[PDB]
Amino acid sequence: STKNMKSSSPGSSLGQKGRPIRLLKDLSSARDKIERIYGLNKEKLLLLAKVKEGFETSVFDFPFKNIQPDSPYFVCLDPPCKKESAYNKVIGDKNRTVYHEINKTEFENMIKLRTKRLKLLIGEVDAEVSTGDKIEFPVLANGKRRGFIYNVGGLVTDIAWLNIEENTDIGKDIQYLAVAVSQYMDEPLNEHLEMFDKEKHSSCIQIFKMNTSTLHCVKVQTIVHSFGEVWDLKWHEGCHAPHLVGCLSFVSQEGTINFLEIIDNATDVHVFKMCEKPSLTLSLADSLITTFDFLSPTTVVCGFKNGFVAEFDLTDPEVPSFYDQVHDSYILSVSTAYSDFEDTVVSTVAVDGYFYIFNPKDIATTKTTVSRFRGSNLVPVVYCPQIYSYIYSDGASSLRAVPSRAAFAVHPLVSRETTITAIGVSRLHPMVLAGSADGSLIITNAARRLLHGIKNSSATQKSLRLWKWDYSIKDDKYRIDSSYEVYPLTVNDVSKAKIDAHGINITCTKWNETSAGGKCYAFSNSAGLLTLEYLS
Amino acid sequence: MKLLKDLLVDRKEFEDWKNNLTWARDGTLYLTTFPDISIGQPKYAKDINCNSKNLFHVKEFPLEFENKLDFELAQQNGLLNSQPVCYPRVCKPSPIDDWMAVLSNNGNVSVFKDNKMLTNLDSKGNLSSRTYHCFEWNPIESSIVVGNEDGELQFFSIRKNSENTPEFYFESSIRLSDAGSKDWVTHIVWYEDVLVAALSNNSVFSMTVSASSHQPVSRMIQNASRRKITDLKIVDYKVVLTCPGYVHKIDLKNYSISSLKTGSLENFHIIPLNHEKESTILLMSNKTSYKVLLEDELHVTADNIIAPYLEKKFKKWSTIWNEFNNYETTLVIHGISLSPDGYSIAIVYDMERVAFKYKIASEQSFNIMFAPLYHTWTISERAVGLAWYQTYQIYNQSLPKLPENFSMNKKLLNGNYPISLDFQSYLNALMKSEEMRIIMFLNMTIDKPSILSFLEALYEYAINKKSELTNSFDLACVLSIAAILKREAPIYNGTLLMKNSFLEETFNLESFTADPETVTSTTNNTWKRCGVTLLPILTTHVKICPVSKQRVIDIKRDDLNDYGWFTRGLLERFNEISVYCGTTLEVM
Amino acid sequence: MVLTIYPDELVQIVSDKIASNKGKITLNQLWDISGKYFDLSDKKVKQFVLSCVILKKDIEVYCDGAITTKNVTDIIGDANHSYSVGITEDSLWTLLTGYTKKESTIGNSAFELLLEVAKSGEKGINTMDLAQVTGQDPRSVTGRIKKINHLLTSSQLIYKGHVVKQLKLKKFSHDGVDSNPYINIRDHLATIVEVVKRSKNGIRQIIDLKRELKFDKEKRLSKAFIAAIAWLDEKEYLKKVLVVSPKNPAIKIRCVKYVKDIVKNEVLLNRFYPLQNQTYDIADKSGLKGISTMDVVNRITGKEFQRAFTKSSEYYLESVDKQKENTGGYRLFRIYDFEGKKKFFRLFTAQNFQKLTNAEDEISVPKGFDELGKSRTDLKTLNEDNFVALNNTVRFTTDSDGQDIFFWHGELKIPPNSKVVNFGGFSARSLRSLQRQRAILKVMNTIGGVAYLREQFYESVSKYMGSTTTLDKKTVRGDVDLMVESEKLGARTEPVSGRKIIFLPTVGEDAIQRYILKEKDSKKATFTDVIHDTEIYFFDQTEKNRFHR
DNA sequence: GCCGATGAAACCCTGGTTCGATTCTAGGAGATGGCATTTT
DNA sequence: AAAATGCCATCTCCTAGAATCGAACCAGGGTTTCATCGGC
């Protein structure tokens, strides 16, 4: 099949040994492994040395100091959308988002959020929580925890932190969270939630203003819109202007990418708004966009129902830069791997089970297969920038990491009892949140799996259950278990799937990615119980 | 014209959705399937029953890849060596020579003759200079250009070693990208003396390349743009390129640009109609096709050539798989190639429902369709052997246009035999004659192939140098040719001794006059004759003509017989190519 | 005369006889092949002939079955041992299929058939003898033949009373017309009806049409034509009638009369819930009926995802044998069901499955919570206790100038800082078996508790099931055996007819004997409608004479 | 005209064929442990 | 001398593609019953 020849990079340990490397098991030396995966760029290796010393001891939790800019371990790897002020290029007097204000009666005519209170059991507090109420965590066992659970009133399809550090009119401790909410709750096979064809119906995004120090939280806006359900909900961290909270971007069942100006209120008094016309819509004739990511402050890569990929220029959105077939079928997620040391690359995973990485400069000559999965509707992929690795699921109970170069070097991180449904990563630290269909949320350090040898993986790698949702059919009652559970990385583990209450699957989980809030994370189940915890 | 039945290929996959078909000079189809290339090996049958299954045998064509970069760490292109087991991405056969070049997934260009690697192209430099993303063959001479991640073209030329095997050596380079830029060369097209290349920033350059220039001047003919170049072609010194929503024509005499807006954002393949009088192309996508006239302003007309056939095929498929229009459906093209003569087109396609889908390899099938592009054809020197026969079966067995009053009685070079040449130059002069291409094609159309016109051209080189036929094999050969032509022979009486490893057979030279298929030794054993030299075949070490089924003595597996300058010259010159039909000989 | 061929043509001829003899021949068979073409009386020619064959890379020589060292001068001189010639498996695959074993899409079982078809030569082999000789199941043999049929030619034949295909390698295709072309009466029904339709009064003397279409040539074609007229009557494309002669009203002949000539798919899959919960939701909404895997795939994903759905659903669906751990709450059971020939899984939510298997038992109490985790250690304690140190590898230090400098561990002196389901009494392997067993017993109570297990019974059960599909003998006898094991039926052989009788255990011997007595001399083959005072068109003057008499 | 024999038609039985989904098997991938050698 | 590196064997699980198995369906041929013809 294949053979080597002796031409070799200077200063390489691999070059000195001359061993041909085809599999991760061939990298039996820890320096050769790091050198083969990350290369020999001294500035890149310096950042990995800072991640290593700053987070080696952080097996389940990391110190708040190591994510402050004054730390010697501070490594903040800003995503590509943040690298320039995009607002005047992408938006202006030609592209303002149009709203009209509506009252609560007009809202309730368009969107029927849950009216029956949820029964919630947490620690020793048993409570009926109404739609729009929160419960702060009680005096739990297993130490003091800081956070609250909010009853959002519908199926939570996605959430998104606005990762502002400070602004002329936003003080350090204040943060914003966008939550996308469906009225088509409690029904796993509802007709309106279909993936495969264009659907338009009323759904809403709720904007929350939260204080990281007090955990005071206020819903400041509800945006009613007719795009259907929304996901890949992202703030355009480059689009900032004095009169905005920020620019919020998402893909919708309409099959379009939409950008909303979230215009800041005069006061925290709640307003309902009907979105008439977004600032920007990206679409093609006779195909539906199913997923997108930023390549640039002014360009996005997106996946389609038919298995095509396009790039759009946000300054000239009518026609894409390219439109090529990459998959046989519906693209589930597209994810941008960005680096200061390599060309930007894009990963895609589809219902056909293939996971590809390619370079948008030349898809034809760069398309690399990571793996084929068993075929599935739900395959979360995120880029963890501190370890230059995509973190992803099989669509079936295994959580894995693959470096954006060395696609052969797949590292399993943890194995669950059931389908992994949500992954959370940060630009500030290597800690991975993964949510599951059984309502468990786990934390694991991915920079203890990468930045370590191959031998004794199962002994060195661990994860911790931070929370578990349960649902009682007898009581019609949700319970959240605070008690921690440690899982070692399992060996030769059988793929697992089991059926759990429709309400308890974790739909999304996202870290706050700021130095001030960077220990906050949020996660939601399908019932619409949004939980925030300031991890401390 | 009515098409041949499509060649059904089963259980083959493609990694990607670009143009994965090339059609070689000798008629071989190369499909860059995954994980191995597939070859449509050309086959001869007198009746193909209007079925293209009888023109091609499709099989796995495995190749060994040497990664010259597997001890290099990836630098700016992080996807280099990201998957370390090499496999083919692009395969182009030479438009002139027996060999093909393959680009691997890890940016190596390796040249192969049969399954054997000739050279892995490399020159000294930075890793971006050594990582290749495209290549092109010189259409006029034996050389190859590669495009690298420095945005320079590197030219490689052949030289032949002691065994007369080719070796590729680095000749020169031209930088197209700006100094310190990270633009890759993504497309190269070489047409006559004009070379065109595109960068990953979608800037396009032209050059004039010659033996008279070591490093020619490049000119930028299109500025950088976000719109990614889909396809690039040269047609009558007009550059045609496609990108999302547009086709552009650049005139290489005026450097004027004219552009036309397509009603679609699907990829359009460009198919140049090289044999029309007016300068034209077909544009073809999964959804539509057009015929474009490359006038001062691009003019659009209906594709009356190929669209009717694919429409008719899609309506039949739709009747079986998309009754009631319950599904969205598409043609999918996996490859389009002109024939080497440019008279025919091959389209590899399947038809799909847009659906949630999870295929395995055993469920894969695609069809390749062959259609004529014109009303008439000619015996092109851009094609050899079974390529002409394929172009004859397409076109429904209509003969090509031939010279006025041509007949197989016509003498090679019209009887102006270049007897003063050396014998290898002489045989080359005969094989490059126009009459020889016509006769070699017509041998594939008739029941019994004939080489009487070639045997006369040999006999005239044998009654000249009549004093130099000292050798017994050379005499037995010329005496056999004289007996076929019914002419005077140099000597009649004497003996030939011919050997194999088990059995030594003595022939009276007189016996070489008796029978045209056979010759009988002094032991009354009767032996078949060699097709080229008419000497007895005493061995299984032979090569077989796939059309005439004549056997040729394999000079490379016979150390025992003292073949003279004439018989050795014939058996060396005709070791690989059939004198009857120009087809590649099969090996026993 | 000794024929003249090329030496490589001999090696091909010998190879094409090692293939077509199941991959091996004796050395004496090689002398019988090559003696046609070379004078083997010369020792040097005999050595040359053997050398042409055995020095080929893919040919093997065996001495007493053991591979041997190809010494040509030894093999020809050595009288002490038996020699035989074979080929490599990939050569055998290449000669017969055109591809190697790895590359060929044919499959081992279809290649065992091709080896027997190849060994049969120009004589060929029939599909029934082919199944018996290879020991392959007749249920699989014809499906396997479909995948090699491009290598074969075939024609229909009757053998041991069955229509079968004679098979040969395609090289034995003859362009000549068959001496015995197989005729099926069922191909000619349109012609038979049209000849009756075009006849003067739309009526024919049946024997006259039998003679005009020349179906009298074989007792087979006679029976077949009669069965075709009987089928066209039974389906009322034609009708049988008796015509009284207008010339002599004592004369009636069996006649046949003409009567007649012969916006989108919506898929519900969503990206928000796990696929197993979406599957549970339509299994639950289907209720006590359950849902087929075919309907689940059509409604959630469409047919082109069937395989992916099946491979995924294996992880969370439970068969009744080999159940998974009882999580409680939400479980999907699967059981076999039939749609005629197709066997597929129906899916049931565990509540609906319990109501189906155990209809008499109490409906289950709904589950509450599991117990909480009982750990009380905090995150700080767990983080400190679960630390295992990493490999040293990447390091950095801060210079006196405050510049951070990278180094590998050891490259500076700086020290480290670190299987039958009970269904309440009817044992069944499928829901169709359960439905058939209950239909048999309900019919048996209806028709008086005793039945001969003949075709009349299989229609009675098929009618009661509302089955458009008709029950096979082997299917009903399968259910009857299950109903005997569960003591819901009695069954026995009736001594005189040898037919199986089934009876309800509550039905007395006097009723079973009276049932046999009532069934004896039961009248059948009864006369059809009568017609008078009208002409018959005749092909045959002898039939016209018998009507005129 | 009646009764018995033969032939003729209808009905029933048996085995192969046909079809497709599920099941099974083969081959490969991945991980750990153990042992040996190399490097620090 | 100890830790790290390298490679092999064994065990476990997965995936693709082939094989199995039930049931229906169909045709041919045997058997049984009924009708007609011939003989008494």
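Only this structure's heavy atoms are used, side chains among them; waters, hydrogens and symmetry mates stay out. Proteins get letters first, then strands, A, B, ... in listed order; numbering begins at 1 in each.
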| said: One pair to check against side-chain hydrogen bond (donor to acceptor under 3.5 Å, both in side chains): A/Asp493 and A/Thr490. What are the steps and the verdict? | reply: CA-CA 6 Å; A/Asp493 209 3; A/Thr490 54; 2.8 Å; yes
| Heavy atoms under 4.0 Å, any strand shown: does A/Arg31 hit a base, just sugar-phosphate, or nothing? | nothing
| field | Whether C/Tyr237 and C/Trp231 hold their rings parallel, tilted or perpendicular, with breakpoints at 30° and 60° | value | parallel
| field | 5′-ward residue of the pair C/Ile183/C/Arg254 relative to DNA chain E | value | C/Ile183
| task | Evaluate ring pair (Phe, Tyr, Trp, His ring centres under 6.0 Å) for C/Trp93 paired with C/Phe111, printing each intermediate quantity in order. | result | CA-CA 8 Å; C/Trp93 275 78; C/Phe111 191 73; 4.0 Å; yes
| said: Which nucleotide wins on minimum distance to the side chain of A/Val494, given the candidates D/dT17, E/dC14, D/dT23? | reply: E/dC14
| task | Determine: side-chain N/O of C/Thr475 to OP1/OP2 of E/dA24, distance under 4.0 Å, yes or no. | result | yes
| said: Any donor-acceptor pair, under 3.5 Å, between the side chain of C/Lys341 and the base of D/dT18, if you only look at N and O atoms? | reply: yes
| Does C/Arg139 get its side chain close enough to the base of E/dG22, under 3.5 Å, for a donor-acceptor pair? | yes
| task | Kindly indicate whether the side chain of A/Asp493 and the base of E/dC13 share any N or O donor-acceptor pair separated by less than 3.5 Å? | result | no
| field | Closest contact, heavy atoms only, B/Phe71 versus A/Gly18 | value | CZ-O, 3.4 Å
| query | Looking at E/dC25, D/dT18, D/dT22, which one has an atom nearest to any side-chain atom of C/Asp472? | reply | E/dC25
| task | Take the angle between the ring planes of C/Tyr336 and C/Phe345 and call it parallel below 30°, perpendicular above 60°, tilted in between. | result | parallel
| Aromatic rings B/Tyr87 and B/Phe34: how do their planes relate, parallel, tilted or perpendicular, breaks at 30° and 60°? | perpendicular
| field | Nucleotide nearest C/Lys342 when distance is taken to its side chain, options D/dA9, D/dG20, D/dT17 | value | D/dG20
| Counting side-chain heavy atoms from C-beta on, which of E/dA27, E/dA16, D/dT14 comes nearest to C/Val163? | E/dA27
| query | Out of D/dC12, E/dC21, D/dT23, which has the shortest distance to the side chain of C/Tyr336? | reply | D/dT23
| task | Describe the nucleic acid contact of C/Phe527 in one word from base, sugar-phosphate, nothing, applying a heavy-atom distance below 4.0 Å. | result | nothing
| note | Looking only at D/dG16, D/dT23, E/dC7, the nucleotide nearest the A/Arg19 side chain is E/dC7
| said: Counting the atoms with a prime plus P, OP1 and OP2 as sugar-phosphate, which does C/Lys146 contact under 4.0 Å by heavy atoms, base, sugar-phosphate, or nothing? | reply: sugar-phosphate
| message | Counting the atoms with a prime plus P, OP1 and OP2 as sugar-phosphate, which does C/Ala230 contact under 4.0 Å by heavy atoms, base, sugar-phosphate, or nothing? | response | nothing
| Can you find an N or O donor on one side and an acceptor on the other, under 3.5 Å apart, linking the side chain of C/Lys223 with the base of E/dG30? | yes
| Quick one: on DNA chain E, does C/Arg220 or C/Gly340 contact a more 5' nucleotide (nearest heavy atom)? | C/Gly340
| Near-ring test A/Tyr354/B/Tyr358, centroid separation under 6.0 angstrom | no
| field | C/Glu304 with B/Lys357: basic N within carboxylate O range, under 4.0 Å | value | yes
| message | Applying a 4.0 Å non-hydrogen cut-off, can you work out what B/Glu363 is touching in the nucleic acid: base, sugar-phosphate, or nothing? | response | nothing
| So, is C/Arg454 close to the D/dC13 phosphate, meaning a side-chain N or O under 4.0 Å from OP1 or OP2? | no
| Which part of the nucleic acid, if any, lies within contact of C/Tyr315, taking any heavy atom under 4.0 Å across all strands shown: a base, the sugar-phosphate backbone alone, or nothing? | sugar-phosphate
| query | Of C/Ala525 and C/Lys311, whose closest DNA chain D nucleotide lies nearer the 5' terminus? | reply | C/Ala525
| request: Give C/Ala131 one of three labels, base, sugar-phosphate or nothing, depending on what nucleic acid heavy atoms sit under 4.0 Å from its own. | output: nothing
| task | For nucleotides 29-40 of chain D, just jot down a letter per nucleotide in 5' to 3' order: B, S or -, based on protein non-hydrogen atoms under 4.0 Å. | result | -BSS-BB-----
